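*Asks:* give me the fold of what follows.
(chains A, B, C, D, E, F and G)
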Amino acid sequence: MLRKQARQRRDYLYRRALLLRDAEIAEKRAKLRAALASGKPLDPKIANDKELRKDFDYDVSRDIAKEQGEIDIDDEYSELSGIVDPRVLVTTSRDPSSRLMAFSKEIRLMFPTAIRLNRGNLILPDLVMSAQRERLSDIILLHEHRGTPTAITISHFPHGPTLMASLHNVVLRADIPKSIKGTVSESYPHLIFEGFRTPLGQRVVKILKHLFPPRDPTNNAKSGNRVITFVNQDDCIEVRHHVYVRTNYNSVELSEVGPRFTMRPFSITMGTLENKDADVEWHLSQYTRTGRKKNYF
Amino acid sequence: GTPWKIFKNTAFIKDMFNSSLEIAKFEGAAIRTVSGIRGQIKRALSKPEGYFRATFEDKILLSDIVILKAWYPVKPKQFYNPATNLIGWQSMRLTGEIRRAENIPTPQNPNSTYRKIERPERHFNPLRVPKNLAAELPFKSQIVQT
Amino acid sequence: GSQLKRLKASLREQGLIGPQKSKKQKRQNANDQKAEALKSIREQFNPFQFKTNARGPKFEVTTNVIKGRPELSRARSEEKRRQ
Amino acid sequence: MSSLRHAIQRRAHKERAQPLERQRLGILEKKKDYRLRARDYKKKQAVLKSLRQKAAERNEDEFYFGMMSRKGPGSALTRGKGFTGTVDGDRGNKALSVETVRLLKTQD
Amino acid sequence: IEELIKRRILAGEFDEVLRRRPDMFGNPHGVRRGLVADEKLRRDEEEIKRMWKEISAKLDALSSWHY
Amino acid sequence: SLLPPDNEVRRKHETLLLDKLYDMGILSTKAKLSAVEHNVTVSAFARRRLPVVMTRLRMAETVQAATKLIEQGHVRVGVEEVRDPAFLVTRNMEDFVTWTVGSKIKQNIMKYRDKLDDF
RNA sequence: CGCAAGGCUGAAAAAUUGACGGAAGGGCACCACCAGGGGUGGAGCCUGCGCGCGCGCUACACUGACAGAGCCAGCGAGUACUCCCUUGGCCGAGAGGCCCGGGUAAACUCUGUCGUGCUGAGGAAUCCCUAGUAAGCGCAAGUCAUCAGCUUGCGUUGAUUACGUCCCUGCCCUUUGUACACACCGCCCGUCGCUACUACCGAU
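*Replies:* Numbers count the residues shown, from 1 in each chain, chains lettered A, B, ... in the order given. Below is the structure:
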């Protein structure tokens, strides 16, 4: 099994590098197809390449399929997108506190298909090993400061990305009394994402919305009574968890049911939780000059 | 200030502030090493009063000096002599004439006067591979040491 | 119970969400308050606006539970710093 | 340009030294010495990251023919207290037969 | 944030990934499994189907039925 | 290629052909038909053979030694011993080619690593 | 540069597809039952959140103290690491450097010496927990966010009791679809809307 995970990760990295070179060529081939249909004259370096024309005659059709959106990009999520229900386990750090364990339970209840695991004495490579051995889609690690959580680590499996984020303004479910709160409904939640516009924003949108099981698309625009909101300002994604009734065709009553975060991501690594030496995709550039001026996501 | 304990990035810095009130005022400030390592004041330290934790860019050394560059405003003085020469006037002297008259030497700091620095050639230690990694890596790249 | 179920039950009690009444049922309603109760509903079913303890009081004394509003307090303090 | 600058424009700015109350701690590391320190650390970490990749992606069933003429790195249990991960090499000495040692001892 | 949630819910647009059919490729119409010139282009398409049947049989037999 | 570019059966059989060749390990990408133009190659088949793929997996040192070892019969692919040095190892059986049960080559590797368990 | 760029005005629907339920039957849950375990809550310290609240930390004796004997880990190597500040004296024209004072485990096992002695294990509640899990123990690191009033790893020792049931509290779903043989079941129920037609009532 382990040889298959290593081999498939190496094949994925090689295919991504080949896609970089092929994109450098296919930016030139899309000018030849647009000039053929519209008749505007093109560059001589493009029109006088015999290899480009000879291979263009075979590779028209994938460019047309990408224009129509009929195919999907080579990704770690596009293999099993809406086919499998993504199972995900939430774990603490090594010796958790009682409020960290209740918070772990609360963000377990945020996902309708998640499970929680007691860490105890569990070495982190064997944690990764057991996740790949039970075909989990995601793990989420939690770190507390002193009864208040300060970091999440959302890792996608078998070889997918980590998003490590630091938590702020955490208001737990376990602070309000049982007369006012109650047992959270476990229905498949709607999701809304607000303010993600860069390709890095669509990356974090993908690795956050593939944590939830896929919604049945027959009548999802009106059915379902539970929503989860990820909205970012100043690249600190703030998340709420509401439950709603549609009290009229023009009005809706919301009710806050879950914990509130404003998590800020500081590391997105193309590689799982065990790989400390995985190649990072983005990291929070503090101690640079304009790293506080520039806004990502 | 001066480093007190130095970890990989977070160093504790001692001889800069006098109290946690002053550190709480200067929380988040851009601290800097003489070498060029940037950093940020993170948190006041409890048990030695006046120290703090500052997370730097890379590892600083105990020989380094950690500076914070603030900008203090200076107001000019509101003095005005008229040079009424036909009547007579008192002329305020210069600092050199004042020092030569009332016999006080000019302030000179020996830590401020420039010196020649004897730099030895920096030689670093060889690579120290750990035992478990050096026993786990394969045959074509195994380390051979007699 | 759930927050969804108790929200639906309280809105059915306040008559905001129930079945589509006929004109005769509206005649009965015009033959025989609700905003004052909707304010309490929108305060009770959004409990994260204010800070509460879960345990209740440590020692019960009987003599004749919102303990603070962090959102309103932070906005008030930021207005003081703006001024 | 370079002709539109005086000699006082060209004059070098001197470097301050470590304070004399603190000279026992060593030299005051400035940008040049820091660049040397950072280059050496980035080089050593690059070699160690490549060694960790090579130790992770290792076939457990690999078979070179030098394995029949080399002693492996072993483990701490098999080797003992004298266990480094380095494969031991030969110093050139060899176990010497009795006729040649008879010749050498007659010479001595 | 609350008004953003109310606007999305009312004019309901949700960014959840939707459950797609696992056989959208081979069965694009989604038929139910129970009781139930251009001729040049059709001849070319049938020739490609015949060629692919032969070539897929050869490639599976050459990989020795691991496919 | 000779089909028109917006054709459904052209697109479906392009994806089928590229997925089949990438699953057999001949092509290294599954997103270009020019790979089947000038990258499918008898050398690509011949390097998906067994002694070359175990030379790449470093089960042997050279393709000559690998052909000698799989003629002497130390190598199984999966669960069955393989005596034919032309068995084309696909991309998901390159994870299952390993030594046989009572192999002297396996005893040599374990004796080098000092893990020779005689049980 | 041109259009946008002229105020019956003065803040707080759709529906033959819709709105809300009920009854029966299933599935699941240490936010449920059942059996146990463990926190917090009592005293002190303090981060944090808004004097209060918890989260950690410490003290509180049979599981004792003293003296011996023996025997066990794993992660950890950037010419790099240092706990203060001072009484004196040395060599110091002067700045400093010296010297002398003051403030690779724990555990475990075995063998002896003494014997409960301000020398007292936390109420109502509330929360969490089902196997290398709860709980004890130390060692190491400090990785661009968080974290020294601590954080995260790493090894060591390692149980009791459930592992059934939807009876309580709930959550999800069936009563439409999504496949065909055997085999089984056999028109779930209410209050309204909307549409089509039919006739009625009374002003214009």
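
*Asks:* ok and the residue in chain C nearest RNA strand G?
*Replies:* residue C:68 (1.9 Å; C-beta to the nearest atom of the strand). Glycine gets a C-beta too; all of them are placed from N, C-alpha and C.

*Asks:* so what's that residue up against?
*Replies:* Residues near residue C:68 by C-beta atoms under 8 Å, 6 or more residues apart in numbering or on different chains: C:50-51.

*Asks:* sticking with it, tell me its helix or strand.
*Replies:* Counting by DSSP states H and E, there is no helix or strand that carries residue C:68.

*Asks:* over to the one 3 residues further on?
*Replies:* If you go by DSSP H and E, residue C:71 is part of helix C:70-82.

*Asks:* can you check residue A:241 too?
*Replies:* Assigned by DSSP H and E, residue A:241 falls in strand A:236-245.

*Asks:* and stretch A:288-297, what's buried?
*Replies:* residue A:297 (16 or more other C-beta atoms under 10 Å in any protein chain shown).

*Asks:* straight-line length of it, end to end?
*Replies:* 18 Å (C-alpha to C-alpha, to the nearest Å).

*Asks:* ok, residues contacting that stretch?
*Replies:* A:195-198, A:200-201, A:204, A:232, A:234-235, A:237, A:265, A:282, A:284-286.

*Asks:* do it and RNA strand G meet?
*Replies:* Yes: contact between stretch A:288-297 and RNA strand G, assessed by C-beta under 7 Å from any atom of the strand, occurs at residue A:288.

*Asks:* please enumerate the strands of chain F.
*Replies:* For chain F, the strands defined by DSSP state E cover F:75-77, F:80-81, F:97-99.

*Asks:* closest to residue D:14 out of these?
*Replies:* strand F:97-99 (68.1 Å; C-beta to C-beta).

*Asks:* which secondary structure elements does that closest one contact?
*Replies:* helix F:50-56, strand F:75-77, helix F:104-113 (3 or more C-beta pairs under 8 Å, 6 or more residues apart in numbering or on different chains; DSSP states H and E).

*Asks:* right, and those - which one's nearest chain C?
*Replies:* strand F:75-77 (55.7 Å; C-beta to the nearest C-beta).

*Asks:* list the buried residues for the closest one?
*Replies:* Under the neighbour-count criterion of 16+ other C-beta under 10 Å, strand F:75-77 has F:75-77 buried.

*Asks:* nearest residue to the middle of chain E?
*Replies:* residue E:25 (1.5 Å; C-alpha atoms, centre = their mean).

*Asks:* picking up where we left off before, near chain C at all, the strand holding residue A:241?
*Replies:* Yes: Strand A:236-245 is in contact with chain C by C-beta under 8 Å from any C-beta of the partner chain, via A:243, A:245.

*Asks:* so what strands line up beside that strand?
*Replies:* Under the criterion DSSP bridges, strand A:236-245 sits next to strand A:226-233 (antiparallel), strand A:253-256 (antiparallel), strand A:261-269 (antiparallel) in its sheet.

*Asks:* chain center to it, what's the gap?
*Replies:* Chain-centre distance of strand A:236-245: 17 Å, with C-alpha atoms, centre = their mean, to the nearest Å.
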